[PDB]
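# Architecture and fold: a report
Each chain, written out:
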Amino acid sequence: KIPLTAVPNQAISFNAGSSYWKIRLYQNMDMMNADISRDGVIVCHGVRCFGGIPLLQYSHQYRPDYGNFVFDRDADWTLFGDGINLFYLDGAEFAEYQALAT
Amino acid sequence: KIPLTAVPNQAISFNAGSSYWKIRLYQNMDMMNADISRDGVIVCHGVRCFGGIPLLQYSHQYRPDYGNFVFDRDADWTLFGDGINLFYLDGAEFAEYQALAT
Amino acid sequence: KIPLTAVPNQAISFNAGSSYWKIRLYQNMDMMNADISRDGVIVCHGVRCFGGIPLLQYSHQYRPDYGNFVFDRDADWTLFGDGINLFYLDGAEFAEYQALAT
Amino acid sequence: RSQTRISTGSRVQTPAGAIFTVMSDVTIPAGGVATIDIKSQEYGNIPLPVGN
Amino acid sequence: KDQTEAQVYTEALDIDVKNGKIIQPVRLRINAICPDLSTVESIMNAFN
Amino acid sequence: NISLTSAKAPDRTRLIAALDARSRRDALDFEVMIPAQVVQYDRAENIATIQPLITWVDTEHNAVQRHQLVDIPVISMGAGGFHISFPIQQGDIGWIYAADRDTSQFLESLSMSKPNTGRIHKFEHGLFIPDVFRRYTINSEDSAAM
Amino acid sequence: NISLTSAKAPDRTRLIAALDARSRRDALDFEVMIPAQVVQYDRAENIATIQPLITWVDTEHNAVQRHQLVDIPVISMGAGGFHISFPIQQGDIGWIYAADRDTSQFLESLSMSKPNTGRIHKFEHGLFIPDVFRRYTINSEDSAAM
Amino acid sequence: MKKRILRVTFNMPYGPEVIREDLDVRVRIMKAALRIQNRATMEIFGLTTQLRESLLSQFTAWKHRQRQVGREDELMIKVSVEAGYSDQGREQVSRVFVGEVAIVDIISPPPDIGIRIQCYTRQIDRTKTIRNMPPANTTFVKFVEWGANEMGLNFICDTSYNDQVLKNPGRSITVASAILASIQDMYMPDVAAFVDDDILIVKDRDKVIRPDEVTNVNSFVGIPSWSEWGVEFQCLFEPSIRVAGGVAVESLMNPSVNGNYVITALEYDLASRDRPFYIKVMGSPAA
Amino acid sequence: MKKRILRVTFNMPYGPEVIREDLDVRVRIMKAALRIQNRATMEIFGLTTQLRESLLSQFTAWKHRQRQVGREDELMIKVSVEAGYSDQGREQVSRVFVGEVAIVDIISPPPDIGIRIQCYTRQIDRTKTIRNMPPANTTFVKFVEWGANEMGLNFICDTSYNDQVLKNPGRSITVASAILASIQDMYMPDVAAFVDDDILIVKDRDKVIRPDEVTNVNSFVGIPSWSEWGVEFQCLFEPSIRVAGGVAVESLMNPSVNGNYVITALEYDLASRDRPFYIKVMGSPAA
Amino acid sequence: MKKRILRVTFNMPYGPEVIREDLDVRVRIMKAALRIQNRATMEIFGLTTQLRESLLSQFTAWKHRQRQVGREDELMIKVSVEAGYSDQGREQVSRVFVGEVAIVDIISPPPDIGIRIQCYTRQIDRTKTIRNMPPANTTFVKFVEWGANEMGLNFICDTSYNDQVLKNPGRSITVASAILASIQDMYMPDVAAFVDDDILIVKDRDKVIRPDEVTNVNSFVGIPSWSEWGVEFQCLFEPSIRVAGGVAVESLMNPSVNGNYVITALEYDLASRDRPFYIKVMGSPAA
């Protein structure tokens, strides 16, 4: 899991899955939103926040062999660290997750 | 133009015209006197100081290509820095001045 | 001679005659006793001390070419530094010593 | 001639030998010397009749 | 930072102030008159 | 008075004395060129066991022998498919040089390769040059001819 | 974990560790002798372009190729007007040494000359020695003769 | 009553993070005309938890994202230092140092947590390699030009050795940092090559780079004295003083040392809440 | 109120001589993962005439009895240091250093005469030579084993480079001390070889030697902080901390630096009558 | 009540200029039996404008008079130091150092302007070259004699190695200063070669140069103690102490260290208005 905190706007970076990621979370009107960066190159802008729906949608992004991210429940920054988490699954785990999802 | 000061007996050293000079000025009875030395070897002792005539008199002294010194007016150690100066002329302009002398 | 002091039980080390010695002197009932070492390897234990007779008795001990030790008079730890001494003789001196002994 | 055999000189038999030498040796003028062997594993294995 | 939401900044300036206030020990002084002896040697023995 | 080490009493007084001591120590371990001798050699691969012929001095002025180096290549001058060789045997003398880096991976394939290890400027991986020095007879007729 | 440089965490703690680091760096830039190869050569002036055959290893253990050296002289043994030459061509291998100082002005006239620049102990101005190593066939009849 | 101004900037991935003069910041800068790169040590006090997290975690000195899309900033961050005065709201700030963070520490314990940082100029080159083959047979100035292009710096060269032919000048340079050592090695000690801020400067020892920008100096905090190489003195923060520039000196205590000098080495001791705010200068006679 | 224990043991020819904590003894120890041997500087006060004569005369540094029957103790004496705590008469002492005396001095004049001593670990090898020929072609692990047998130390080796053949590894080693430099040279910097106490340890940089003896640390005198290599902190005397061992770190002011680290370097500052009784730790991320 | 005497002389072109003891002068001198030349750091306070102008301008370190008539004094000036006591007008002055100025500085600002100066012995040789061909095949003593003549120093040589043939001893010496390094290099460490004042001394380690001038010492400010090579102590200014001379030691606090010692290194700490006026001595056992 990824270390989070209860602030309406933050951007933590980490080195996980043999790659260097930078993620950003900020409240936008009703729901949350996210910005994901890899290797210093932007990937996506303003992908929403849903429980069980993986953050990365498209094959040119999530992997030839990389991982992906998913929220257990629809996240709000008030509950961060208490019942709301962000998890990272490497390539094999994410592939089997997608296989089992449908 | 050589820096001087108002002291009845002094000695100034300097490196001008690609040669190393040491000059001495001291009051003797009525007029001034000077001691000139080059490269650590004494040149002449007690040349009387006069206005307009060069200090080094003799050809084996002043130059194959060196310079020479002239006092604009008669020396007076109470006047140095105010109206009385000592100037240095390198070989070309000094020979030009000897040409102008006659 | 050898530096000593007035203590009932002591040990002094020194480098004499191209050899390393460690000697121990201690009072045992009535007379003194001595322990002699070399190379760090023990030589003799409990050599009784008498005045005029050498400390090393056996041929393989005192010299192929080494020296020997003699007390001028019977030892008494109260008198060390005053009237009673311990001397060291190198090989030639000890040889002529034994020649003179008989 | 006059070779300095060293320890851990590994000799491998065709059926997975992987055998060290146990103690050092130096070659003699004859050209033949005796050396000892210990197996790199802890199971039961057999050496072939010929050198491999 | 000084441009965030009010309660977020109120969460800050705490915790940080905790880093900057650390309590040092307590010093106690008394003055007394000792009438007997055994108390004096008991105190000195406790001192050594 | 053997002192257990090549240390000097005035050292540790200043920084420059220590600096000179460390400089000397670093220079001594740097190895370039000394004479040596052949112990074993096979004509078919140009590799010879080599035993250097200059010892090590000690604080008691004794002599400590160096170590034999194995599989040291021998130089055989030649290029464009035309070389020269001498039938070396046991007991021949010459000179040995020290390579900058490790050359074993190069000696396996004789092509571009990495250094095997970080060892530098040592006699472990060198190069041997045969020589005879002054041991020969020169006839009177060819005193001026090759 | 590539560390961006050949540095150690235990370093920076004492003076001696730093001194050892600087000593290693100073030694590593001292160039003496490594194998090399011939790229171009003209038989008429004994100068050959040379490409060293040992690379550089980086913090990721990658191989960085060295730089080609131009106009390096080739050694042709001989004295008293009697020399030996081998017809070197492209792709021949050998060894290269490094001169102490700059020898361009010396190679320009082959007489006593001042050094050109302050560069020292670098392969830029060196000396090439041909070799064949183990690439030859030796007939069984002359196994004991030149 | 003019106030002092001192800002320190960090080019973090999200943007710049500027530490103003309001906190406790102490900085020492050393500059010289040599191949050894300039150094700056910073003392910073009072950083809070958020800013400690933001800054102290980015001086990792390990390597990550190995695919290495680009270079420069994707290894280590850059720091820029500018200092000056401010009077009546009117500013006179100037830049004095550019570099990258190399070494991190912690100096003072609670209740006041302070850190120390070491920065060096052009330290990005110690990792970057050479990918353009150096010229084989050329003159000095073309070697300097190739080096300037390879490092990526605007350069100026003015030497009496501009028409001297070199053979195999740089065929043994591993990384981009030994180019400067190459340039300095050939013609020591008369030719001085150094990198200042973002400019490579190669020149003769006793030549002023800008003859028309001589700074007349007449107010001294440190009494001028003969320095066995020239002159050496000290003053308050003067933005005009640079390296290789000229100075015209007039003294009151020591009128015998008046003249023109060319600046060789510099010092900076700038603090926002302490006494030192100084510049130390050593000079050589101007030829 | 627990009391501190600091014992320094000396091995005279006749037997051991122990300086207890009752006197004035100060000791600084520095340990790291390097080939350079560990060091310890000792301050001892109040030594009387008898003890001064007994001890200071055996630090000769010349050679006696050149015949040299045996070795080791017939050249230099050995000193062992153990420090700990005592509570209610219950002890927790632990040894921290073993070495031999190298350098002698005198620090303070009368009335109180104090001396300073320098000790180094495994300094006996700088005199002893090599009499067992190293293997010619062999793997790394067998070279390490030969070195361990030659020096006379129990060894542990755990590297990814255990199956690599080396040619002529140690054919140019004069005395027994350069064995460690040889071992460290080949696969620097990933492979770190050091001698701790009396054990030779060769390992990869980021591997914990004992995976099941991780010490959880949650009380720091020195606030933890990032140090551009890992983490660095300070604590009271904890006997569990060793070199190459692991630590689990839980902080309060700085909770962003929690994690598992491998210990790289240590420092000890132990005094019997002064404030310093500390341990300083530098760490690297665990792999 | 005896008063202390401290004079510093400068051989300026016009003549000597002696700084008497009446001013504030501090001097530290270090001498040893090595090839590295002696050093002296001098503090001088209260110099007026006249004397500052006269003296500080002559430590130029550049070169004038490129024709260079003669050598020695036409490069750098010479300084000589003599110290001692004075009782009832009866003097006991003695010389302790001869050298030439190398580095200048300014230490203290107004109102009291003070300067610091570095002097080295026989620094004139670092410029003078060699014009006499060294002997080709010869013994040690003739090499020493040639070196002494070339430098221009009276020499004394007394070694057991006086009848040993050397081949090409000095064929790679560029200036006059590497002669001493050559002489010391051959037979380290038993043979010690050093230059003291104006005498070149080559000798065995443990031989007293003057056997009949043994100075008996029985009054020590610094308590004698064993120091790993012999003895080391401290005293007031004793003019009799020299380098390579012998001393006979009788102590009271440490009577076990009595004996004859040969002097290895010295240090002088002489001040005219401060507490230190001392000499520190280290010795080795006499052979």
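Residues numbered from 1 in each chain as written, not as in the entry; some residues may be left out. Chains lettered and ligands numbered in written order. Part of a larger assembly, values for the part shown. Heavy atoms only, no water.

Okay, empty space enclosed by the protein next. Per the stated rule, a full pass over the model turns up 16 cavities of 30 Å³ or more. Taken as a whole, the largest cavity spans an internal volume of roughly 250 Å³. As for the largest cavity, its lining consists of 19 residues, and the residues nearest its centre are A9 and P10 of chain F together with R205, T264 and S284 of chain J. Across the lining of the largest cavity, the residue classes tally to twelve nonpolar, three polar and four charged. Taken together, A9 and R12 of chain G together with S227, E228, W229, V231, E232, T264, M282, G283 and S284 of chain I make up the full set of residues lining the second largest cavity. When residues of the lining of the second largest cavity are traced back to their parent elements, those giving at least two are β16 (231-235) and β19 (277-285) of chain I. No other element matches the three residues that β19 of chain I contributes to the lining of the second largest cavity. For the lining of the second largest cavity, the per-class residue count stands at four nonpolar, four polar and three charged. (1 Å grid on protein atoms, 1.4 Å probe; cavity = no way out; pocket = protein on both sides within 12 Å on 5 of 7 lines; lining within 4 Å. Points joined across faces, edges and corners; volume = space filled by probe spheres on them. Nonpolar A, V, L, I, M, F, W, Y, C, P; charged D, E, K, R; others polar. Helix = DSSP H or I, 4+ residues; strand = E, 2+ residues; numbered from the N terminus.)

A few words now on the side chain of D102 of chain F. Among the structural elements, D102 of chain F can be located in the loop between β6 (93-98) and α2 (104-109). Although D102 of chain F lies buried, it forms no salt bridge, and the closest oppositely charged side chain, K167 of chain I, sits 6.2 Å away as judged by the N-O distance. A polar contact of 2.3 Å, which involves the side chain of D102 of chain F, links it to the side chain of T117 of chain F. Among the polar contacts made by the side chain of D102 of chain F, one reaches the side chain of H125 of chain F at a distance of 2.9 Å. (Buried < 20%, exposed > 50% of the residue type's maximum accessible area, 1.4 Å probe, protein only. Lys, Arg positive; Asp, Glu negative; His and termini not counted. Salt bridge = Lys/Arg side-chain N within 4 Å of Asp/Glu carboxyl O. Polar contact = N/O pair within 3.5 Å; in protein donor to acceptor, adjacent residues only side chain to side chain.)

The next point concerns the relation of the copies chain F and chain G. Structural alignment of chain F on chain G gives an RMSD of 0.2 Å, achieved by rotating through 120 degrees and translating 0.0 Å along the axis. Taken together, the rotation angle and the small translation identify this as a three-fold axis. Closest to the rotation axis within chain F is the C-alpha of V32 of chain F, separated from it by 4.8 Å. The two copies present different faces, since only 17% of the interface residues in chain F are matched by interface residues at the equivalent positions in chain G. (Least-squares fit on C-alpha atoms. Contact = heavy atoms within 4.5 Å.)

Each partner contributes residues to the interface: chain F has 41 residues there, and chain G has 42 residues. Buried area between chain F and chain G, summed over both chains or domains, comes out near 4000 Å², and the portion from carbon and sulfur atoms is 68%. Remark: the boundary between chain F and chain G carries zero salt bridges. There are 13 residue pairs in polar contact connecting chain F and chain G. Those elements that place two or more of their residues in the side of chain F that touches chain G are β6, α2 and β7 (126-130) of chain F. A breakdown of the residues in the side of chain F that touches chain G according to their chemical character gives 21 nonpolar, twelve polar and eight charged. (Buried area = accessible area lost by both parts, 1.4 Å probe.)

Take the interface of chain I and chain J next. Taken residue by residue, the interface counts 15 residues in chain I and twelve residues in chain J. Together, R52, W62 and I106 of chain I form the three largest contributors to the area buried by chain I at its contact with chain J, with a combined 39%. For the pair chain I and chain J, the number of links is zero salt bridges. Our count for the chain I to chain J interface comes out at two residue pairs in polar contact. The dominant element in the side of chain I that touches chain J, judged by the number of residues it contributes, is strand β7 (residues 94-108) of chain I, at five residues. Of the residues that constitute the side of chain I that touches chain J, the class distribution is ten nonpolar, two polar and three charged.

Turning our attention to the sheet that holds strand β7 (residues 126-130) of chain G. All names here are of chain G. Reading across from one edge, β5-β2-β1-β6-β7 is the order of the five strands in this open sheet, with antiparallel pairing throughout. The open sheet has two edge strands, β5 (69-73) and β7, and neither has a second partner. Ignoring which end each strand starts from, the neighbouring axes of this sheet average 50 degrees apart. Relative to strand β2 (residues 47-50), strand β1 (residues 33-42) is paired through four bridges, and the arrangement is antiparallel. Within β2, the position partnered with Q40 by the bridge is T49. (Pairing = 2+ DSSP bridges. Axes fitted to C-alpha atoms, helices over the stretch in contact; angles between N-to-C directions.)

Once that is clear, we can look at the sheet that holds β7 of chain F. All names here are of chain F. Strand order in the open sheet formed by five strands is β5-β2-β1-β6-β7, with antiparallel pairing between adjacent strands. Two strands close off the open sheet at either side, each with one partner strand: β5 (69-73) and β7. Averaged over all adjacent pairs, the angle separating strand axes in this sheet is 50 degrees, with direction ignored. Relative to β5, strand β2 (residues 47-52) is paired through three bridges, and the arrangement is antiparallel. What sits directly across from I47, in β5, is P73.

Let's shift gears to the arrangement of the chains. Counting contacts across all 16 pairs of chains found in contact, the highest total belongs to chains F and G. There is a clear gap between chain A and chain B: no contact, and 63 Å between their nearest C-alpha atoms. Of all C-alpha pairs spanning chain D and chain H, none lies closer than 38 Å, and the two are not in contact.

Attention now goes to helix α2 (residues 140-151) of chain H. All names here are of chain H. Between its first and last C-alpha atoms α2 spans 17 Å; for twelve residues at 1.5 Å apiece the expected length is 16 Å, and the two agree. Among all positions of α2, only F140, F143, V144, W146, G147, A148, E150 and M151 are buried. Where α2 is buried, its residues touch β9 (137-139), β10 (154-158), β11 (165-167), α3 (178-185), β12 (191-196) and β13 (199-204). One or two steps after α2, the chain reaches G152, where phi turns positive at roughly 95 degrees. (Expected span 1.5 Å × (residues − 1).)

Turning our eyes to something else, we now look at the packing of helix α2 (residues 140-151) of chain J against helix α3 (residues 178-185) of chain J. All names here are of chain J. Packing of α2 against α3 brings their axes to within 10 Å, and their N-to-C directions diverge by 165 degrees. Between α2 and α3, the angle falls in the class roughly antiparallel. By crossing handedness, the relation of α2 to α3 is classed as left-handed. Each of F140, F143, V144, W146, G147, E150 and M151 in α2 lies in contact with α3, whose residues at this interface are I179, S182 and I183. For the contact of α2 with α3, the class distribution of residues is seven nonpolar, two polar and one charged. (Parallel < 35°, antiparallel > 145°, perpendicular 65-115°, else oblique. Left-handed = near helix turned anticlockwise from the far one by under 90°.)

Attention shifts here to the pairing of strand β6 (residues 93-98) of chain G. Residue and element names in this part refer to chain G. Among the six residues in β6, five count as buried, and that is most of the element. As paired strands, β1 and β6 are joined by five bridges and run antiparallel to one another. Counted as the bridge partner of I34 is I96 from β6.

Below, the discussion takes up the environment of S177 of chain J. Residue and element names in this part refer to chain J. Secondary-structure assignment places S177 in the loop between β11 (165-167) and α3. Placed 54 residues apart in sequence, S177 and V231 show a C-alpha to C-alpha distance of 32 Å. Excluding residues that lie within four positions of it along the chain, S177 makes contacts with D125 and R126.

It is worth spelling out the packing of aromatic side chains at this point. Under the criterion given, the structure shown has 46 aromatic pairs over all chains. Their ring planes at 50 degrees and their centres at 5.9 Å tell us that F237 of chain H and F277 of chain H sit as a pair that is tilted. Of this pair, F237 of chain H sits in the loop between β16 (231-235) and β17 (246-249) while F277 of chain H sits in strand β19 (residues 277-285), placing them 40 residues apart in sequence. Since its relative accessible area comes to 5%, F237 of chain H is described here as buried. Here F277 of chain H falls in the buried class, since its relative accessible area comes to 2%. A ring pair is formed by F10 of chain I and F59 of chain I, whose centres lie 6.2 Å apart and whose planes are at 50 degrees; its orientation type is tilted. Here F10 of chain I, found in strand β1 (residues 3-11), pairs with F59 of chain I, found in the loop between α1 (49-56) and β5 (78-87); they are 49 residues apart in sequence, far enough to count as distant. Just as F10 of chain I is buried, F59 of chain I falls in that class too. Among the aromatic residues, those joined into a cluster by ring pairs are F14, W21, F69 and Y88 of chain A. For the cation-ring pair, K2 of chain H lies above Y85 of chain H, with the distance from its terminal atom to the ring centre recorded as 4.4 Å. (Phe/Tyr/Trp six-rings, centres within 6.5 Å; stacked < 30°, edge-to-face > 60°. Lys NZ or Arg CZ within 6 Å of the ring centre and 35° of its normal.)

Residue and element names in this part refer to chain I. Across the six residues that make up strand β13 (residues 199-204), a large majority, five, are buried. Inspection of the sheet shows strand β10 (residues 154-158) paired to β13 by five bridges, in the parallel sense. Counterpart to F155 in the pairing with β13 is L200. Note: strand β12 (residues 191-196) against β13, six bridges, orientation antiparallel.

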